[PDB]
Amino acid sequence: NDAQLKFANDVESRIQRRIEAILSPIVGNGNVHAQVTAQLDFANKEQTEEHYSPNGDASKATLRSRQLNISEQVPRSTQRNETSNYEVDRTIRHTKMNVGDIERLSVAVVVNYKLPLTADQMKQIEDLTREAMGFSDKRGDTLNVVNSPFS
Amino acid sequence: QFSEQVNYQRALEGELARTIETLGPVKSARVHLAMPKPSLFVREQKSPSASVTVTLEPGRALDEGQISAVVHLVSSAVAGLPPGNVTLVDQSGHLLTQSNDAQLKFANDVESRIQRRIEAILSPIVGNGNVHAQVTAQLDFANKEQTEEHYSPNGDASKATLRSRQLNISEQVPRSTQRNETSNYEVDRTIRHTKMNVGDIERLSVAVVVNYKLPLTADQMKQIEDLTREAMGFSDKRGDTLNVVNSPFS
Amino acid sequence: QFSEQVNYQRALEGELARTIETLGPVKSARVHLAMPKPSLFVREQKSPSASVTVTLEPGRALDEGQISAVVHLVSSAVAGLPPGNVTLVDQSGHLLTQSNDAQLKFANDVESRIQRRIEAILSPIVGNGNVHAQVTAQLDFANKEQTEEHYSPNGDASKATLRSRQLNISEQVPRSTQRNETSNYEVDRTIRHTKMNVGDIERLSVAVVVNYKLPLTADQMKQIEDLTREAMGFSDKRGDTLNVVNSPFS
Amino acid sequence: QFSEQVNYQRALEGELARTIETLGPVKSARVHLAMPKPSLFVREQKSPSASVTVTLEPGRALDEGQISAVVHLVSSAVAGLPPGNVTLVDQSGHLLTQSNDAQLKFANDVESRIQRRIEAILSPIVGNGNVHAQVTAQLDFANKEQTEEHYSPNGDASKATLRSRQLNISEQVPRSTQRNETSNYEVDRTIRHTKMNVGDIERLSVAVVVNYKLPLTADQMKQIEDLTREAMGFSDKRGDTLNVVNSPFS
């Protein structure tokens, strides 16, 4: 009930530490700080997908049986009855999702001056912290990096 | 065939007392257990309990970590006992166990986490005591439930799935045309059973106050706003609100 | 009766307390087992537990490894006891167990393996400490079930399989013609029962920094990049992600 | 009555301990056997266990092969004790009992095997210390099932197989023609039951670095790469990846 907070704190601390571990040699031991916010999905998840594959094309149909009646006279009277018992592919997943994944991460990174770092020297560091974030575009992950002197 | 069970349980009361007492900042700690007792008719055995009163070391109080420590101690000593039902009291009131209002404390904890993170991230920019914030958190404590039954639409015969189909066609030539078609489909189906967690953040509101150095530059201000946005985990969909101001402190 | 099994409980608890002392940073360890009852009216079998409090050696602090050591000491000294039930308390509180999170540690171990491997490969090229990498792993802890029931398409009459056939052809000559046909088939079939693993890597993120010797030569950078891709086990399909940079350290 | 097997236990503890004592690097063996009960309230009957904390001779560590020796001695002198159920601890810390991350262990084992093989082959070619390589292996731990049910095709009448056939051919001469034909075939078939293995490799990604002699020639390097492809067990269908490079060490 409250231990969700503890687990989220542990995840955020882990990411914070890894970001520092990557970035510190680039700028120094105390020239950077990071903080993490983790939206953690604690809802109990069960799923069941039962896809069938479409047998619309007789080129890829699987028949078990087929009764076929074709009749015609010639006043041309033609009749054609047809019965098809098909048989079908089936795929049944039962994905019971884990409890407690990350649905969203927001990270802000602050870098000290050496005098500010140059444009390349900024884009590389932000790309590194992106990479160490596990930054997922489909997860709505968010990154804000800024350069300024500390206190 | 009866009294020996009560005698044993009271002996175990003494035993647990002697464990929890011999822990350092404790001199005495007496407990009462709450167990089903031999009525010969009760068969359900409702959840037990264990009420502990402890007289600690004068000049010392026990931290929450060791409160949880002793609660899990006595909980793991008694079989089939949830630790929540174990209830501990100091030598004078002050229930250090929390076992209707806990949601207030949980909201306060969330707000403290957020605000402390904001302070930790912005202290390098403006200084240690030059910035203050307060977080308001909207928490949703409703026991939600969900059961979705998405099907996939098979109106398109190129994506349908025929288990059985009968097709009768007839015509005479003044034309009399006839076409009887029967189709049994197999359908693609999905079953989600969503059960939303109790106590999630549905909305936040954060006001940031920053000291002066004279006011800060505009860009330093907007980047401060972006970082505090970030450290909120700001979500537009959750209706989150953030407002930042600068002015001399006092 | 009932006093004999209680006396066995007490004898075993005393035994564990007696022989725990021969462990170094142990001077008192008071323990209690908890087996509810050999029931008659429920098949649920609520699990027994074990709680221990110990007093450590002054001047010595205790690793987590010896935590798990004493825990498994108890949990295998007394069977019918998964180690989660074991709850160890220091001479003053300090919950040594969290009695859901082993995921974080397991991910840590995986990332440590891969990161160390990257280090071991890249160290000879540029030096012992001219390089650093850290790895982020997405782990799929969700339980998966699966079943596929592939069939072969019997559309092609030359490759089809027939168990029965009634084929009635007739005609008259004013041409009247009839043709009634029945076909029962046999079908090739594939049936899996896939049960996917728990905790596989779904996505790895790798960020690599290398020190200068002056910037290293470009093809030297690309070959190091290929090395880290290779030792990463980098798969394009998973969404694996990689980044490398070169810059002097401090 | 039951105290007889209790003393049986408590004496065999002494005899086991005195056996371990006679090993060299041993002084005592705290042993606790753990026979819970032979219940039938569940279909499992968790295997009874045993835990030993051994006080070795001072200044000597007890080798893993010998760790297995003592663990197997405990699991053999005791009936109802699998070797993997034994727990082993030192007189201070040291969980020597390693019985979910077993996949990590196994993967490291496999990668070590193949990597050692690569190094062992390449060292004579380029020198003892002029070569380094690492291995990353994807392992499949999902339980598989498969039941193929191949049928042969009898669409051709030359190779078909008939159990029975009713055949009517009629005609009058206004040509009234009839041809009725009923055939009950019988069909060749194959039925596999493949139950795949747990822990098979699906993809080996291997990175190799070799020192300079100055760089190696083209043909020498390509043969080195070809042999490491050989000794990997490289399979193109498995998506295996291999990359070998040459540069001076540091």
# chains A, B, ... in the order shown; residues from 1 in each chain; ligands from 1
>>> calpha_fit_rmsd(fixed="chain D", moving="chain C")
1.8 Å
>>> residues_around(residues="stretch 102-111 of chain D", least_positions_apart="6", cutoff="7 Å", atoms="only C-alpha atoms", output="list in words")
residues 135, 136 and 137 of chain D
>>> select_by_dssp(residues="stretch 55-215 of chain B", states="helix (DSSP H, G or I)", output="PDB file with N, CA and C atoms, in the first residue's frame")
ATOM      1  N   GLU B  64      10.852   4.386  13.296  1.00  0.00           N
ATOM      2  CA  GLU B  64       9.877   3.611  12.534  1.00  0.00           C
ATOM      3  C   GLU B  64      10.474   2.320  11.983  1.00  0.00           C
ATOM      4  N   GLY B  65      11.758   2.335  11.622  1.00  0.00           N
ATOM      5  CA  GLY B  65      12.380   1.123  11.114  1.00  0.00           C
ATOM      6  C   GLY B  65      12.368  -0.004  12.127  1.00  0.00           C
ATOM      7  N   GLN B  66      12.742   0.292  13.369  1.00  0.00           N
ATOM      8  CA  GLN B  66      12.706  -0.749  14.383  1.00  0.00           C
ATOM      9  C   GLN B  66      11.296  -1.036  14.880  1.00  0.00           C
ATOM     10  N   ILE B  67      10.364  -0.088  14.737  1.00  0.00           N
ATOM     11  CA  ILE B  67       8.955  -0.407  14.959  1.00  0.00           C
ATOM     12  C   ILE B  67       8.516  -1.516  14.016  1.00  0.00           C
ATOM     13  N   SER B  68       8.794  -1.341  12.724  1.00  0.00           N
ATOM     14  CA  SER B  68       8.493  -2.391  11.760  1.00  0.00           C
ATOM     15  C   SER B  68       9.271  -3.658  12.074  1.00  0.00           C
ATOM     16  N   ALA B  69      10.496  -3.506  12.575  1.00  0.00           N
ATOM     17  CA  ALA B  69      11.307  -4.660  12.935  1.00  0.00           C
ATOM     18  C   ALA B  69      10.607  -5.524  13.975  1.00  0.00           C
ATOM     19  N   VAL B  70      10.181  -4.913  15.079  1.00  0.00           N
ATOM     20  CA  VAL B  70       9.555  -5.692  16.144  1.00  0.00           C
ATOM     21  C   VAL B  70       8.185  -6.204  15.720  1.00  0.00           C
ATOM     22  N   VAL B  71       7.446  -5.423  14.923  1.00  0.00           N
ATOM     23  CA  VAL B  71       6.147  -5.900  14.455  1.00  0.00           C
ATOM     24  C   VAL B  71       6.315  -7.148  13.601  1.00  0.00           C
ATOM     25  N   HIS B  72       7.285  -7.141  12.684  1.00  0.00           N
ATOM     26  CA  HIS B  72       7.538  -8.338  11.889  1.00  0.00           C
ATOM     27  C   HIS B  72       8.106  -9.472  12.727  1.00  0.00           C
ATOM     28  N   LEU B  73       8.896  -9.159  13.752  1.00  0.00           N
ATOM     29  CA  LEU B  73       9.313 -10.179  14.707  1.00  0.00           C
ATOM     30  C   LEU B  73       8.112 -10.939  15.249  1.00  0.00           C
ATOM     31  N   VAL B  74       7.230 -10.229  15.950  1.00  0.00           N
ATOM     32  CA  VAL B  74       6.108 -10.893  16.604  1.00  0.00           C
ATOM     33  C   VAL B  74       5.143 -11.472  15.575  1.00  0.00           C
ATOM     34  N   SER B  75       5.091 -10.889  14.376  1.00  0.00           N
ATOM     35  CA  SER B  75       4.227 -11.428  13.333  1.00  0.00           C
ATOM     36  C   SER B  75       4.750 -12.758  12.810  1.00  0.00           C
ATOM     37  N   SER B  76       6.063 -12.874  12.638  1.00  0.00           N
ATOM     38  CA  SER B  76       6.668 -14.111  12.179  1.00  0.00           C
ATOM     39  C   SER B  76       6.778 -15.151  13.282  1.00  0.00           C
ATOM     40  N   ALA B  77       6.617 -14.753  14.545  1.00  0.00           N
ATOM     41  CA  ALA B  77       6.593 -15.742  15.619  1.00  0.00           C
ATOM     42  C   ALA B  77       5.261 -16.484  15.673  1.00  0.00           C
ATOM     43  N   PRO B  83       0.899  -9.172   9.944  1.00  0.00           N
ATOM     44  CA  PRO B  83       1.595  -8.180  10.776  1.00  0.00           C
ATOM     45  C   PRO B  83       0.788  -6.922  11.012  1.00  0.00           C
ATOM     46  N   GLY B  84      -0.148  -6.600  10.120  1.00  0.00           N
ATOM     47  CA  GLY B  84      -0.956  -5.410  10.318  1.00  0.00           C
ATOM     48  C   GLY B  84      -1.768  -5.462  11.597  1.00  0.00           C
ATOM     49  N   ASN B  85      -2.296  -6.639  11.929  1.00  0.00           N
ATOM     50  CA  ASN B  85      -3.120  -6.757  13.123  1.00  0.00           C
ATOM     51  C   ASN B  85      -2.305  -6.658  14.404  1.00  0.00           C
ATOM     52  N   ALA B 102      -5.318   6.964   6.908  1.00  0.00           N
ATOM     53  CA  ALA B 102      -3.994   6.666   6.389  1.00  0.00           C
ATOM     54  C   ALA B 102      -3.792   7.234   5.000  1.00  0.00           C
ATOM     55  N   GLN B 103      -4.872   7.450   4.256  1.00  0.00           N
ATOM     56  CA  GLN B 103      -4.730   8.062   2.946  1.00  0.00           C
ATOM     57  C   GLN B 103      -4.226   9.492   3.063  1.00  0.00           C
ATOM     58  N   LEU B 104      -4.569  10.184   4.151  1.00  0.00           N
ATOM     59  CA  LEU B 104      -3.990  11.503   4.376  1.00  0.00           C
ATOM     60  C   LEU B 104      -2.479  11.418   4.489  1.00  0.00           C
ATOM     61  N   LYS B 105      -1.987  10.487   5.302  1.00  0.00           N
ATOM     62  CA  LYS B 105      -0.549  10.354   5.481  1.00  0.00           C
ATOM     63  C   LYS B 105       0.118   9.923   4.187  1.00  0.00           C
ATOM     64  N   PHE B 106      -0.546   9.067   3.415  1.00  0.00           N
ATOM     65  CA  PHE B 106       0.039   8.630   2.158  1.00  0.00           C
ATOM     66  C   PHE B 106       0.137   9.788   1.177  1.00  0.00           C
ATOM     67  N   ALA B 107      -0.902  10.619   1.117  1.00  0.00           N
ATOM     68  CA  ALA B 107      -0.845  11.809   0.279  1.00  0.00           C
ATOM     69  C   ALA B 107       0.270  12.733   0.733  1.00  0.00           C
ATOM     70  N   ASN B 108       0.400  12.917   2.045  1.00  0.00           N
ATOM     71  CA  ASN B 108       1.464  13.761   2.569  1.00  0.00           C
ATOM     72  C   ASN B 108       2.829  13.210   2.192  1.00  0.00           C
ATOM     73  N   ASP B 109       2.980  11.889   2.235  1.00  0.00           N
ATOM     74  CA  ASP B 109       4.238  11.270   1.845  1.00  0.00           C
ATOM     75  C   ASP B 109       4.545  11.537   0.382  1.00  0.00           C
ATOM     76  N   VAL B 110       3.539  11.401  -0.478  1.00  0.00           N
ATOM     77  CA  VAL B 110       3.745  11.663  -1.898  1.00  0.00           C
ATOM     78  C   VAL B 110       4.200  13.100  -2.099  1.00  0.00           C
ATOM     79  N   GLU B 111       3.513  14.029  -1.439  1.00  0.00           N
ATOM     80  CA  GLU B 111       3.846  15.438  -1.583  1.00  0.00           C
ATOM     81  C   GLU B 111       5.256  15.716  -1.084  1.00  0.00           C
ATOM     82  N   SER B 112       5.631  15.105   0.037  1.00  0.00           N
ATOM     83  CA  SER B 112       6.979  15.270   0.561  1.00  0.00           C
ATOM     84  C   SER B 112       8.019  14.753  -0.420  1.00  0.00           C
ATOM     85  N   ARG B 113       7.781  13.580  -1.005  1.00  0.00           N
ATOM     86  CA  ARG B 113       8.716  13.054  -1.991  1.00  0.00           C
ATOM     87  C   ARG B 113       8.909  14.041  -3.127  1.00  0.00           C
ATOM     88  N   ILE B 114       7.803  14.496  -3.716  1.00  0.00           N
ATOM     89  CA  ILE B 114       7.909  15.413  -4.846  1.00  0.00           C
ATOM     90  C   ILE B 114       8.663  16.669  -4.446  1.00  0.00           C
ATOM     91  N   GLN B 115       8.256  17.296  -3.344  1.00  0.00           N
ATOM     92  CA  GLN B 115       8.820  18.585  -2.970  1.00  0.00           C
ATOM     93  C   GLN B 115      10.298  18.462  -2.627  1.00  0.00           C
ATOM     94  N   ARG B 116      10.673  17.400  -1.917  1.00  0.00           N
ATOM     95  CA  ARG B 116      12.079  17.179  -1.612  1.00  0.00           C
ATOM     96  C   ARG B 116      12.885  16.982  -2.885  1.00  0.00           C
ATOM     97  N   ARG B 117      12.323  16.275  -3.865  1.00  0.00           N
ATOM     98  CA  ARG B 117      13.020  16.136  -5.138  1.00  0.00           C
ATOM     99  C   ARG B 117      13.204  17.488  -5.818  1.00  0.00           C
ATOM    100  N   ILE B 118      12.174  18.334  -5.787  1.00  0.00           N
ATOM    101  CA  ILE B 118      12.298  19.665  -6.381  1.00  0.00           C
ATOM    102  C   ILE B 118      13.432  20.430  -5.724  1.00  0.00           C
ATOM    103  N   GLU B 119      13.460  20.420  -4.395  1.00  0.00           N
ATOM    104  CA  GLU B 119      14.506  21.135  -3.676  1.00  0.00           C
ATOM    105  C   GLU B 119      15.875  20.588  -4.034  1.00  0.00           C
ATOM    106  N   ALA B 120      15.997  19.263  -4.095  1.00  0.00           N
ATOM    107  CA  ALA B 120      17.278  18.648  -4.406  1.00  0.00           C
ATOM    108  C   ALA B 120      17.757  19.055  -5.784  1.00  0.00           C
ATOM    109  N   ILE B 121      16.838  19.181  -6.739  1.00  0.00           N
ATOM    110  CA  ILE B 121      17.284  19.532  -8.078  1.00  0.00           C
ATOM    111  C   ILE B 121      17.552  21.023  -8.231  1.00  0.00           C
ATOM    112  N   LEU B 122      16.854  21.887  -7.495  1.00  0.00           N
ATOM    113  CA  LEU B 122      17.016  23.314  -7.737  1.00  0.00           C
ATOM    114  C   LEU B 122      18.007  23.988  -6.803  1.00  0.00           C
ATOM    115  N   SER B 123      18.399  23.339  -5.711  1.00  0.00           N
ATOM    116  CA  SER B 123      19.409  23.927  -4.833  1.00  0.00           C
ATOM    117  C   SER B 123      20.677  24.336  -5.571  1.00  0.00           C
ATOM    118  N   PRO B 124      21.221  23.547  -6.504  1.00  0.00           N
ATOM    119  CA  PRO B 124      22.421  24.008  -7.218  1.00  0.00           C
ATOM    120  C   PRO B 124      22.216  25.305  -7.970  1.00  0.00           C
ATOM    121  N   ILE B 125      21.014  25.554  -8.482  1.00  0.00           N
ATOM    122  CA  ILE B 125      20.804  26.731  -9.314  1.00  0.00           C
ATOM    123  C   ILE B 125      20.783  27.996  -8.474  1.00  0.00           C
ATOM    124  N   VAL B 126      19.922  28.040  -7.465  1.00  0.00           N
ATOM    125  CA  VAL B 126      19.651  29.277  -6.754  1.00  0.00           C
ATOM    126  C   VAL B 126      20.229  29.298  -5.348  1.00  0.00           C
ATOM    127  N   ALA B 157     -14.658  -9.710 -45.536  1.00  0.00           N
ATOM    128  CA  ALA B 157     -14.453 -11.130 -45.787  1.00  0.00           C
ATOM    129  C   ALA B 157     -12.986 -11.472 -46.007  1.00  0.00           C
ATOM    130  N   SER B 158     -12.178 -10.503 -46.433  1.00  0.00           N
ATOM    131  CA  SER B 158     -10.749 -10.736 -46.574  1.00  0.00           C
ATOM    132  C   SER B 158     -10.049 -10.863 -45.232  1.00  0.00           C
ATOM    133  N   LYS B 159     -10.735 -10.555 -44.130  1.00  0.00           N
ATOM    134  CA  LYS B 159     -10.170 -10.706 -42.795  1.00  0.00           C
ATOM    135  C   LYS B 159     -11.114 -11.465 -41.877  1.00  0.00           C
TER     136      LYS B 159
END
>>> closest_residue(among="A:88, A:43, A:146, A:122", to="residue A:103", atoms="only C-alpha atoms")
A:43
>>> closest_atom_pairs(of="chain A", to="chain C", cutoff="8 Å", atoms="only C-alpha atoms", output="Markdown table")
| residue | atom | partner | partner_atom | distance |
| --- | --- | --- | --- | --- |
| A:7 | CA | C:101 | CA | 7.2 |
| A:11 | CA | C:104 | CA | 7.5 |
| A:18 | CA | C:134 | CA | 6.8 |
| A:21 | CA | C:134 | CA | 7.6 |
| A:22 | CA | C:134 | CA | 6.5 |
| A:25 | CA | C:249 | CA | 4.8 |
| A:26 | CA | C:249 | CA | 5.5 |
| A:27 | CA | C:250 | CA | 7.0 |
| A:28 | CA | C:250 | CA | 5.7 |
| A:58 | CA | C:155 | CA | 5.7 |
| A:59 | CA | C:155 | CA | 5.4 |
| A:60 | CA | C:153 | CA | 5.0 |
| A:61 | CA | C:153 | CA | 5.2 |
| A:62 | CA | C:153 | CA | 4.7 |
| A:63 | CA | C:154 | CA | 6.5 |
| A:64 | CA | C:185 | CA | 5.0 |
| A:65 | CA | C:184 | CA | 4.5 |
| A:66 | CA | C:183 | CA | 5.3 |
| A:67 | CA | C:182 | CA | 4.4 |
| A:68 | CA | C:181 | CA | 4.9 |
| A:69 | CA | C:180 | CA | 4.3 |
| A:70 | CA | C:179 | CA | 5.1 |
| A:71 | CA | C:178 | CA | 4.5 |
| A:72 | CA | C:177 | CA | 5.5 |
| A:73 | CA | C:176 | CA | 4.2 |
| A:74 | CA | C:175 | CA | 5.2 |
| A:88 | CA | C:151 | CA | 7.4 |
| A:89 | CA | C:150 | CA | 5.3 |
| A:90 | CA | C:149 | CA | 5.4 |
| A:91 | CA | C:148 | CA | 4.7 |
| A:92 | CA | C:147 | CA | 5.4 |
| A:93 | CA | C:146 | CA | 4.6 |
| A:94 | CA | C:145 | CA | 4.8 |
| A:95 | CA | C:144 | CA | 4.6 |
| A:96 | CA | C:143 | CA | 5.5 |
| A:97 | CA | C:142 | CA | 4.5 |
| A:98 | CA | C:142 | CA | 4.3 |
| A:124 | CA | C:245 | CA | 7.3 |
| A:127 | CA | C:243 | CA | 7.9 |
| A:128 | CA | C:207 | CA | 6.0 |
| A:131 | CA | C:207 | CA | 5.7 |
| A:132 | CA | C:136 | CA | 6.1 |
| A:133 | CA | C:136 | CA | 7.1 |
| A:134 | CA | C:205 | CA | 5.5 |
>>> closest_atom_pairs(of="chain C", to="chain B", cutoff="10 Å", atoms="only C-alpha atoms", output="JSON lines")
{"residue": "C:1", "atom": "CA", "partner": "B:1", "partner_atom": "CA", "distance": 8.9}
{"residue": "C:2", "atom": "CA", "partner": "B:4", "partner_atom": "CA", "distance": 8.2}
{"residue": "C:3", "atom": "CA", "partner": "B:4", "partner_atom": "CA", "distance": 7.8}
{"residue": "C:6", "atom": "CA", "partner": "B:8", "partner_atom": "CA", "distance": 8.2}
{"residue": "C:28", "atom": "CA", "partner": "B:22", "partner_atom": "CA", "distance": 9.7}
{"residue": "C:29", "atom": "CA", "partner": "B:19", "partner_atom": "CA", "distance": 9.2}
{"residue": "C:30", "atom": "CA", "partner": "B:19", "partner_atom": "CA", "distance": 6.6}
{"residue": "C:31", "atom": "CA", "partner": "B:77", "partner_atom": "CA", "distance": 7.9}
{"residue": "C:32", "atom": "CA", "partner": "B:77", "partner_atom": "CA", "distance": 5.3}
{"residue": "C:33", "atom": "CA", "partner": "B:77", "partner_atom": "CA", "distance": 6.2}
{"residue": "C:34", "atom": "CA", "partner": "B:79", "partner_atom": "CA", "distance": 4.6}
{"residue": "C:35", "atom": "CA", "partner": "B:79", "partner_atom": "CA", "distance": 5.8}
{"residue": "C:36", "atom": "CA", "partner": "B:79", "partner_atom": "CA", "distance": 5.2}
{"residue": "C:37", "atom": "CA", "partner": "B:79", "partner_atom": "CA", "distance": 9.0}
{"residue": "C:41", "atom": "CA", "partner": "B:43", "partner_atom": "CA", "distance": 8.3}
{"residue": "C:45", "atom": "CA", "partner": "B:80", "partner_atom": "CA", "distance": 9.9}
{"residue": "C:46", "atom": "CA", "partner": "B:80", "partner_atom": "CA", "distance": 6.4}
{"residue": "C:47", "atom": "CA", "partner": "B:80", "partner_atom": "CA", "distance": 7.4}
{"residue": "C:48", "atom": "CA", "partner": "B:79", "partner_atom": "CA", "distance": 5.9}
{"residue": "C:49", "atom": "CA", "partner": "B:76", "partner_atom": "CA", "distance": 5.7}
{"residue": "C:50", "atom": "CA", "partner": "B:76", "partner_atom": "CA", "distance": 5.6}
{"residue": "C:51", "atom": "CA", "partner": "B:76", "partner_atom": "CA", "distance": 5.1}
{"residue": "C:52", "atom": "CA", "partner": "B:73", "partner_atom": "CA", "distance": 7.2}
{"residue": "C:53", "atom": "CA", "partner": "B:19", "partner_atom": "CA", "distance": 7.2}
{"residue": "C:54", "atom": "CA", "partner": "B:23", "partner_atom": "CA", "distance": 8.8}
{"residue": "C:55", "atom": "CA", "partner": "B:23", "partner_atom": "CA", "distance": 8.2}
{"residue": "C:85", "atom": "CA", "partner": "B:76", "partner_atom": "CA", "distance": 6.7}
{"residue": "C:86", "atom": "CA", "partner": "B:76", "partner_atom": "CA", "distance": 7.3}
{"residue": "C:87", "atom": "CA", "partner": "B:73", "partner_atom": "CA", "distance": 6.4}
{"residue": "C:88", "atom": "CA", "partner": "B:73", "partner_atom": "CA", "distance": 7.5}
{"residue": "C:89", "atom": "CA", "partner": "B:69", "partner_atom": "CA", "distance": 6.4}
{"residue": "C:90", "atom": "CA", "partner": "B:23", "partner_atom": "CA", "distance": 8.0}
{"residue": "C:91", "atom": "CA", "partner": "B:23", "partner_atom": "CA", "distance": 5.3}
{"residue": "C:92", "atom": "CA", "partner": "B:23", "partner_atom": "CA", "distance": 4.8}
{"residue": "C:93", "atom": "CA", "partner": "B:66", "partner_atom": "CA", "distance": 4.2}
{"residue": "C:94", "atom": "CA", "partner": "B:66", "partner_atom": "CA", "distance": 5.6}
{"residue": "C:95", "atom": "CA", "partner": "B:69", "partner_atom": "CA", "distance": 4.8}
{"residue": "C:96", "atom": "CA", "partner": "B:69", "partner_atom": "CA", "distance": 8.3}
{"residue": "C:97", "atom": "CA", "partner": "B:69", "partner_atom": "CA", "distance": 9.1}
{"residue": "C:98", "atom": "CA", "partner": "B:72", "partner_atom": "CA", "distance": 9.5}
{"residue": "C:99", "atom": "CA", "partner": "B:72", "partner_atom": "CA", "distance": 7.8}
>>> atom_distance(atom1="atom CA of residue A:8", atom2="atom CA of residue A:38")
6.3 Å
>>> select_by_dssp(residues="stretch 9-243 of chain D", states="strand (DSSP E or B)", output="PyMOL selection string")
chain D and resi 28-34+49-55+86-90+95+131-140+143+146+151+162-172+176-185+189+194+200-210+241-243
